[PDB]
Amino acid sequence: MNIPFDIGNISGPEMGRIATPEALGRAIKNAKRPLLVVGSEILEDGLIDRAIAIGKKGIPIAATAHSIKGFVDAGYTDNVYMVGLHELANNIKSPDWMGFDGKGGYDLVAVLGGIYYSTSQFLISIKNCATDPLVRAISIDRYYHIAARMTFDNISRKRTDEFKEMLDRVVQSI
Amino acid sequence: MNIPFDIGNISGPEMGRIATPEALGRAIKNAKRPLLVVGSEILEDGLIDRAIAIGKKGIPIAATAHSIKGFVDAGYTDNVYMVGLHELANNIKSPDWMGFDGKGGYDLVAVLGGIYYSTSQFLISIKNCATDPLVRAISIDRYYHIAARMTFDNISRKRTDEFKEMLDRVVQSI
Amino acid sequence: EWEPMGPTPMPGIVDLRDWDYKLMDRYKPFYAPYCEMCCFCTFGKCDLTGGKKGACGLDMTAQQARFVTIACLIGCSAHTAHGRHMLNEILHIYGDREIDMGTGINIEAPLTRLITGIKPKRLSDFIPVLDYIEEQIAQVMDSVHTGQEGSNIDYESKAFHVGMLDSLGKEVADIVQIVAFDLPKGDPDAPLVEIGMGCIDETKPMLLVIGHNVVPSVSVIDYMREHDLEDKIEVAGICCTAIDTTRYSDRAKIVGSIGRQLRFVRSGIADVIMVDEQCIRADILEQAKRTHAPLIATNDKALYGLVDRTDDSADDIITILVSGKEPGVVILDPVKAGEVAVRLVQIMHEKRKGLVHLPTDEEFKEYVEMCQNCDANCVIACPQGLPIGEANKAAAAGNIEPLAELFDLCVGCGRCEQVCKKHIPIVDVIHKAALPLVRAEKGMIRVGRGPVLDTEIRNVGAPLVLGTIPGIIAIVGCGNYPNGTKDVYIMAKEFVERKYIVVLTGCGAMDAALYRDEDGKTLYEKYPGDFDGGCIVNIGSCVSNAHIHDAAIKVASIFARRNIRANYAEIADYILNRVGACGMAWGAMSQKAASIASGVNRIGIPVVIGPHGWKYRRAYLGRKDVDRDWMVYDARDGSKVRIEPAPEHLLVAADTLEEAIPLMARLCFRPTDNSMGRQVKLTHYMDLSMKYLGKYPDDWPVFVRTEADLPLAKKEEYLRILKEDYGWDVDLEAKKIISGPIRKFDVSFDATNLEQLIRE
Amino acid sequence: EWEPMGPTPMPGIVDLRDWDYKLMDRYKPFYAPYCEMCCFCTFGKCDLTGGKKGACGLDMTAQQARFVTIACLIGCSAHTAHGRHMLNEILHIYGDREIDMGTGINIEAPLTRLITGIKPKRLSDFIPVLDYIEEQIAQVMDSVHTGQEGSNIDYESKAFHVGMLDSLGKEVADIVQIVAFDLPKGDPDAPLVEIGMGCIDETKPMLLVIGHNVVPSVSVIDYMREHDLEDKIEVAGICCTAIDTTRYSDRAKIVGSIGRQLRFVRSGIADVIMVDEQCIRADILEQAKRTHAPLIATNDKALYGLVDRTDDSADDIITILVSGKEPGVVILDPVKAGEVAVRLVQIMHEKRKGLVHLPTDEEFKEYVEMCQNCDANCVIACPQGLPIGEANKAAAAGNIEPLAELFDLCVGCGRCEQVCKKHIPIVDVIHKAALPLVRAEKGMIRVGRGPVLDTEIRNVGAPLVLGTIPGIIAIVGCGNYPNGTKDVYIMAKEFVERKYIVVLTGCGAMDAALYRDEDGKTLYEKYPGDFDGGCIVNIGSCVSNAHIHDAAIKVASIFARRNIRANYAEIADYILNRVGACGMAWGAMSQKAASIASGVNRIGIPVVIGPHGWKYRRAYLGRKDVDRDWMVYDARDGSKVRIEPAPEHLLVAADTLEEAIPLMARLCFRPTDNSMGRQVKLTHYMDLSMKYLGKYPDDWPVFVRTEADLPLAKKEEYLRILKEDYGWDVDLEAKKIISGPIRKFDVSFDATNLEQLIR
Ligand code: SF4
Ligand code: SF4
Ligand code: SF4
Ligand code: SF4
Ligand code: SF4
Ligand code: SF4
Ligand code: SF4
Ligand SMILES: [Cl-]
Ligand SMILES: [K+]
Ligand SMILES: [K+]
């Protein structure tokens, strides 16, 4: 049983597949131009350390909401870009958008530490509009993102220690 | 991957469970007042033999559509009742309805040989309106009935041999 | 003045609520939540499964009722806005026209008089009718906003109110065009016109019109008549614009129903496609471009991103279109649009000559061979679950009949092609395999007659209410059929052969015209067009459905001598208790179809729909076993009488033709039937049940009150069955029923559901 | 001829389509299919995932545009029908009246003049205006029928058109009630009224009004004045009826916004509940019955299965309700409804003493102890994902703070309780834990002032267009907030302190009034109610939003001497290019909120919404990187000029207060800002970005055309940053920028999107 964080978020027939941490990490690793997208929930439970560890593997970070403050506070802002989740979605689905370095779009988008119902709609946008060239959107967050291509199952906040073991396995697999 | 006969028939979060033929059989066996519901597709593939085998175990049959013609031609009309699928749904969810014998409602409804999209809505009526007393509705048909409580997965018509093998196992288990 | 003002002039939501509860107390709403969720506001998405309440407090059943209300509002708005637009232009282009419906009709608009209390004299007098409907539409739309109605019953009532407004909106539209364009006014000998995919002369420039608004096609015909081009250009339509066009000119033809639209467009027979509004393929621009056919959009409901060239000269528009610089244009001036279409189709005919659109033999062979016979791809996307893969493999092995058989079962939706990785154009492959049959689809249909003549009402009124004319059968609705277009033909043919009054509209009227009997006659060729028993009547387009309600109203006023002015409840109750009638929308699909059924139901007429009709979510079903639900007053003394289930249901979905035909007969029973009428109606119900179901109905005796009710030919075995099989107390020797009937028979039973009609 | 008839009188669907394309060529439609299917016809249900077309030919994006069109049509109908209903009642009960907005206003109805070309003189002159709207509603609804429009863009235009009709319907409804009931007509010193869960005097008979239609409440107040009962009965409201009622009587009070409705009703403080239409809990009959409060329904939009007793005597209705043989009644006669409510609340007040509605201490303890701390039940059903289970266990262990914190985050929807097998009344358990804070919820709000005065337009016009007043900040909309009600308060506070013109309406205005600063004052107590920089203004209820449109129109008419009669496109283009403004619907929820945003967007004003706003499926987002999307005409000679993204977006959803506030400032930039005005706006944008995000925006130099545009205090550091971090050619010695800016500053640059305005 896969439980979407909002039980009514049954969008349609193509539902996110449950993936191991190692498979989610290898998808980021296999991507030519991946993008880590983080939201306001990255500012909690020492989650920004994982984002920074991912970024330091050479992966740009889209810091949405007010997540940029935690990167500034943490002392890691290189290759981290402030942007709204909304405009980010519109830009990722736009084949003419040359990205944050001006070199091109992103083939893989991975979400982490985002407000569920907005992040989900950000994923549904890419799933339904970023089709050619195909952009793969995955979730390494604590939620079962039915709108992602691949995702973890729901991990309750009182089991956050379990989520951190799984996320750490994602980082080691990149 | 469970495939609903209409890919768009994603009704909500409570999705019918894949069950073994033995489990579906035992649910009919355990019922106090089961009812077999057959539609116009029972008139094909010698499927009425399976319906008659079920009826002959002491179980009433609701012959929807024009399936009563097949029961007349087969020589088995005892405990078989002519009824519309729509009125049948309204009747089953009505706690004051005393059934075809006048002794009470039915606690288990099993569909077989029915037009997919109308039988599915028949099942969804029961799932959503026959809640107190709870009526359990199951599918022993060739379709994944996402609106059933328990159901088989999709068996294509060119694999009707396999479907018959499973349906026969249901009969054996009643 | 002309009649006393009844109690419900221009009713609001609550003005007829008590009548709705009379209907719903008997035929309670039934719900099947196709979607168990709600997406309408940002508190959602709300899961309502199992009867839960949304984040606004609205419970699941009330959301279903809210959903059908929205669907009814979309249908009601479609008909009302169609009438308003037509009026606005007729008054501007041609001018006001006195309403003259002929010497054989005194009540011009029964529905208008019934609901508003207005006696319209000129077209301009319909403006206040439209003002009332449009104000009401906004009142009820306000009701579907979050945090409004919480009772599902009151929502159904609101839906019923929208339905009534839809029947009025339909009437305003048809009479407006009938009057402005001098369409037939009840013509029993209305001309017959050609219909079918194979009735088009491909040798002539072919102008195809799609939609519902005829104003632009009137200018096409008038332009053709002015320059003597009626023999030179082939003008045909798809959906109701076709019916309204042939009502104006019997020199035009009809291609077919909604299900046929995609296949004809893809055939590329049309050189120019002029669309207006409603039931038009939303990808018509892409489809027209594919076949090198310019698209002319004439209505602001559907512009397709095209440039608005209403103010451009016809010369310049034609230059733009012939040049191909733009694939289509918007021309909201129908006079100009007609000129462009007629001038352009002549130029394009030559330019498009030689083009090929369907697969060649070699392309066909490649497609069927590459098919992977996937277990669950295209068949799963198909709303009819057609066995496309197997058909493909058969054709690859030399048998194209399986594919050819799919052509009529297919409703031309295009969903199958989009899940096929091999990119097989399944819709075109089926068409190709069936070319021979498509080319032979050549029917004949009587043009839309419009109203029923007061003379016809005087002839059928009494025998209809007595039952000796066993009922009005109204075959209407869209073409989302479960199993092809012949079902509605068999329905009309079966009931006309039994001397019912068979009327048709919209796609149903079209599809019933495609088939021929052993004598090669279509139903419209074989049977007269009078509104009389044993006749076939094409009432007209979907808006023409209002003439059926009008016929039932005229019975109450002409035969029963009831006042109709602003007197809806009384007439509806009269129709429900005395007028044997049943609607049938075997392929009901649209929102207009939902609003039509709602307005037909509220005036007291039951409607059967096809198995796709479950997807509307709501139905109105009776409990024939619940005695308290079937009490009717005897208006003579006020006593309460428990009646047979007649009609048993108000809105019900059947699964197959074989189930539907006996059910239609069953729903024509009425509590005021006399012995001879009940016998006529029961004869057909018993024989139709035995013919299509192979057994008499399990509860047939319920419709037997005395011996004079049983069919004459088998009165004795029927008597024996009643005694030996139903435990009735019958003296077979004397041919007398002693006990068993649900009630005694009385020719003067004054059946009514309304306390206000009780005299003592 | 007061003015020449403009080109777009009583416009239809295609009459302003070209203006919509100007908007949409820049702010293109963006789609997030919350539902990837369509259920509208029997050919369905269609799967549109991945851009597929339905069984009718309609593709995914066009279906999304149809969906939002339906939403807007529902919202537009709600406002239009509200006004029609009020007008009909008013004309029958009180008669026709001359529209007199006071001597401080000449243009009575700017939007009416702008759209219809009509200069209304009497209330009855709004009948043809409503006739127009209602006809258009039916036309566009026809467009949403299967087999109609196939272009997503043309459907967006139909939604924009419906949004404009909504702004007109809002103006009619409010002008009508302002004139008919002598509500304030732009009063800068309008009275203050008490607001909040805790401002109700429970020792007096308490009548609760819920909805949007104030006509039955006028009869309540009128009846109370005639019988000298204004000091004996406590009359308070929830949602906009509370705003409109306090506009009639400064003796009434406001309980609060939609999020508070269920909790207040569940509290049982109300002896009688009188509802009308819109934003009412659909289970209000259930909830009233549970607290033994009779329900009086006064509008046909919402009958709840109750008996229509409009024709019965007030005596007989009271007898029925007092005796309990019916839990409520429908009374469609507002005069009778008012009499019944006032007479009934005095009787029920005595009968309801001794009842207990919220859990006791022991019951509360049993509830939190029996909770199973389910991993994924109540939290999954909750739209905000609140930690109810963990909060319950903390309370069971003696810590109720976690539960109490949830009261304000909760939006009173009730979904959590329905998935709890333990049958815990979660909503009431949070309330009990927060009872102390609920009872202390005592705020102060200025009454709905309605229109902006002509003198105020003349005072702010130039500083607003030039930019030295950094913008109009309009905090409006529903209360489906992501993180409680204090966010909107913090936005209003931050912008008023920075001398923006801060206006509020509906639930937003309510929620901003619940908080007090270090000196114990609500925003409405601390700041003036003038339409001016550094002022807080409660424009009024949700229909009062139209006064914001009207203010921007009057700026174009009074300060720029533009004609407005049937001249919509020219005025909208003026507002988009010169009027710094930004809407904020942080908790946007309803269909009325979608049509409000559409009508605001069509006249050229951007709107930010909260993270739940993704659920509307459609947004309007700019691509600041696409040069050809930001071309405007210099009306002086017809040349084309690439402009900074100002505003960058038209309808955009933000996730957190800390993202939203810098965004709002950003969305106030306009191409016609002078050096001082841009400098004011840029000072706030840069400081707000540093305050809330901890870093200056990555692309802030886009808003720098010259050194004079630079904030004064850090000008030298900004010049260095421009040189060394952005590679601009800047002479640090001369403190002058040589190259880098997007365009040269030209005070005479006449920016417009309209070819017809080229001279
Ligand atoms: S309208 Fe009601 S049921 Fe629908 S999504 Fe909104 S809160 Fe939920
Ligand atoms: S076009 Fe025909 S075969 Fe294809 S999915 Fe539609 S109905 Fe089925
Ligand atoms: S999806 Fe295509 S390849 Fe597969 S069975 Fe259908 S037509 Fe053949
Ligand atoms: S199926 Fe229909 S009602 Fe359900 S979520 Fe989708 S659009 Fe909304
Ligand atoms: S309106 Fe179109 S997309 Fe929607 S269910 Fe009908 S055919 Fe499908
Ligand atoms: S009532 Fe409050 S706690 Fe419960 S689901 Fe709604 S928002 Fe969440
Ligand atoms: S569903 Fe009920 S028992 Fe479970 S965590 Fe929530 S309040 Fe506790
Ligand atoms: Cl009668
Ligand atoms: K299927
Ligand atoms: K949740």
# chains A, B, ... in the order shown; residues from 1 in each chain; ligands from 1

call {"tool": "residues_around", "arguments": {"residues": "region 55-67 of chain B", "least_positions_apart": "2", "cutoff": "8 Å", "atoms": "only C-alpha atoms", "output": "NGL selection string"}}
result
(:B and (33-40 or 42-43 or 51-53 or 69-71 or 79-85 or 174)) or (:C and (654-656 or 658-659 or 692-693))

call {"tool": "residues_around", "arguments": {"residues": "residue 155 (chain A)", "least_positions_apart": "5", "cutoff": "8 Å", "atoms": "only C-alpha atoms", "output": "PyMOL selection string"}}
result
chain A and resi 142-143+160+162-163

call {"tool": "select_by_dssp", "arguments": {"residues": "chain A", "states": "alpha helix (DSSP H)", "output": "ChimeraX atom specification"}}
result
/A:21-30,48-55,68-74,85-92,116-129,160-172

call {"tool": "interface_residues", "arguments": {"of": "chain C", "to": "chain A", "cutoff": "12 Å", "atoms": "only C-alpha atoms", "output": "VMD selection string"}}
result
chain C and resid 35 to 39 42 to 49 54 to 55 380 to 381

call {"tool": "residues_around", "arguments": {"residues": "residue 141 (chain B)", "least_positions_apart": "6", "cutoff": "10 Å", "atoms": "only C-alpha atoms", "output": "ChimeraX atom specification"}}
result
/B:38,41-42,47,110-114,116,151-155,163-164,166-167

call {"tool": "residues_around", "arguments": {"residues": "residue 108 (chain B)", "least_positions_apart": "5", "cutoff": "6 Å", "atoms": "only C-alpha atoms", "output": "PDB file with C-alpha atoms, in the first residue's frame"}}
result
ATOM      1  CA  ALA B  31     -21.289 -15.243   3.147  1.00  0.00           C
ATOM      2  CA  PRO B  34     -24.379 -14.290  -1.234  1.00  0.00           C
ATOM      3  CA  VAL B 135     -22.241  -5.242   1.698  1.00  0.00           C
ATOM      4  CA  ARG B 136     -19.027  -6.718   0.299  1.00  0.00           C
ATOM      5  CA  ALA B 137     -18.857  -6.731  -3.505  1.00  0.00           C
TER       6      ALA B 137
END

call {"tool": "residues_around", "arguments": {"residues": "region 15-26 of chain C", "least_positions_apart": "6", "cutoff": "9 Å", "atoms": "only C-alpha atoms", "output": "number ranges by chain"}}
result
C: 7-9, 153-154, 156-158, 160-161, 568-569, 572-573, 601-602, 604, 620-623, 628-630, 649-650, 753-754

call {"tool": "select_by_dssp", "arguments": {"residues": "region 15-45 of chain C", "states": "strand (DSSP E)", "output": "compact mmCIF listing (two decimals) with N, CA, C and O atoms, in the first residue's frame"}}
result
# COMPACT_ATOMS: atom_id res chain seq x y z
N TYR C 27 -39.19 8.30 -6.98
CA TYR C 27 -38.00 7.91 -7.71
C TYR C 27 -36.81 8.59 -7.02
O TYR C 27 -36.38 9.68 -7.40
N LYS C 28 -36.30 7.94 -5.98
CA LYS C 28 -35.25 8.55 -5.19
C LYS C 28 -33.95 8.64 -6.00
O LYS C 28 -33.67 7.78 -6.84
N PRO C 29 -33.15 9.68 -5.77
CA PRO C 29 -31.85 9.74 -6.44
C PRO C 29 -31.02 8.50 -6.11
O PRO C 29 -30.99 8.02 -4.98
N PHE C 30 -30.36 7.96 -7.13
CA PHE C 30 -29.41 6.87 -6.98
C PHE C 30 -28.04 7.33 -7.45
O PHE C 30 -27.92 7.96 -8.50
N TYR C 31 -27.01 7.00 -6.66
CA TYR C 31 -25.67 7.54 -6.94
C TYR C 31 -24.61 6.47 -7.18
O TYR C 31 -24.55 5.50 -6.42
N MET C 37 -13.93 11.62 -5.68
CA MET C 37 -13.16 12.76 -5.13
C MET C 37 -13.81 14.08 -5.53
O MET C 37 -14.85 14.06 -6.20
N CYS C 38 -13.23 15.19 -5.09
CA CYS C 38 -13.71 16.53 -5.51
C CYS C 38 -12.46 17.39 -5.71
O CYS C 38 -11.60 17.38 -4.84
